[PDB]
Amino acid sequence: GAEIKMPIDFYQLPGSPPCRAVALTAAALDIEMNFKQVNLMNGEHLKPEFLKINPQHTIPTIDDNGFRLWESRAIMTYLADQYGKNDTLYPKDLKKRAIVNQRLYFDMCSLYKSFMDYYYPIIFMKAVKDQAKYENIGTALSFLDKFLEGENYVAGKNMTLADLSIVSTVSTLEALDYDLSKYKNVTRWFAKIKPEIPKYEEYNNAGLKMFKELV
C-alpha cells in the first residue's frame, strides 16, 4: 500500500518438511521469494531480530511487505489466493476447497504428526525407538492410501496444495528409508506427482539432501 513492493522474505531451513511445502507452493505459483536461511542448529530463530518477526520462533515464516505469517499450511493457502494464476491449485468452489483444507489438516494432524513423533526423538534426542509411534505412521499412510484409491491426486481431479503438502511429508519418509511399498496407491501417486511439481528437484530433493546430511 503506497509502498514499493519487495520480494516476500521466506525464513526457512532447506531440509525442513514444512518449509519445503511452502517452497513448492511458491514454485507452483511462479513466485520468486527471498530465501533467508534461519539456522535452527545454532539458535538463529531465538535471536531478538527473529523474535520480532515471529514471537513463536518457528519456521517457515514469511514477511510479505510487512505482513508476517507463520504456520506452513496457512502460508500455502494465503499465497495461493493472493498470487494464484489458475483456479486448480486451491479451488474457489467451496466443496472442492473444503476437501483440500481437510487434507491439509490430515497432513498436519495425522501424517506429518506421526512422522515427527517417531523420527525426531530418535534422531535429535537419542530416544529409544517406540514401536507404537512407528505404527502410527502406517495407520496414517493407510488412510492416505484409501484417499488415493481410484484417484490421481489427493484432493480432487487436479494437483492442489494438498499434494504439495503431503509430498513434502512422504518424500521425507522415503529419505529416511521408510518402506512405502505396501501402500500401492501412495507409491503410484508419489511416482506420478514428482515430474509434475515445478522445481521439485531444486526445492524439495536438494533440501532433503541437507536433511539426510544432518541425520
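So that there is no doubt, residue numbering starts at 1 and follows the sequence shown.
Could you settle it for me: does 126 to 134 or 79 to 87 have the higher average Cα B factor in the PDB entry? Higher mean C-alpha B-factor: 126 to 134.
Comparing average C-alpha B factors as deposited, tell me which of 206 to 214 and 2 to 10 sits higher. Looking at the record's C-alpha B-factors, the answer is 206 to 214.
Between 163, 63, 151, 177, where does the Cα B-factor run highest in the record? In the PDB entry, the greatest C-alpha B-factor among 163, 63, 151, 177 is found at 177.
If you check the C-alpha B-factor for each of 45, 68, 146, 52 in the entry, which is highest? Of the candidates given, the C-alpha B-factor peaks at 52.
Relative to the other modelled residues of the same chain, rank the CA B-factor of residue 31 and answer lowest, middle or highest third. Highest third - that is where residue 31 ends up once the chain's C-alpha B-factors are sorted.
Among all modelled residues of this chain, ranked by Cα B factor, put residue 15 in the bottom, middle or top third, i.e. lowest, middle or highest. Answer is highest: the recorded C-alpha B-factor places it there.
Chain thirds of CA B-factor: placement of residue 112: Tercile = lowest for this residue's CA B-factor.
Looking at the C-alpha B-factor of residue 167, is it in the lowest, middle or highest third of its chain? It belongs to the lowest third of the chain when residues are ordered by C-alpha B-factor.
Going by the CA temperature factor in the PDB record, which third of the chain does residue 158 belong to: lowest, middle or highest? Within its chain, residue 158 is a middle-third residue by C-alpha B-factor, going by the deposited values.
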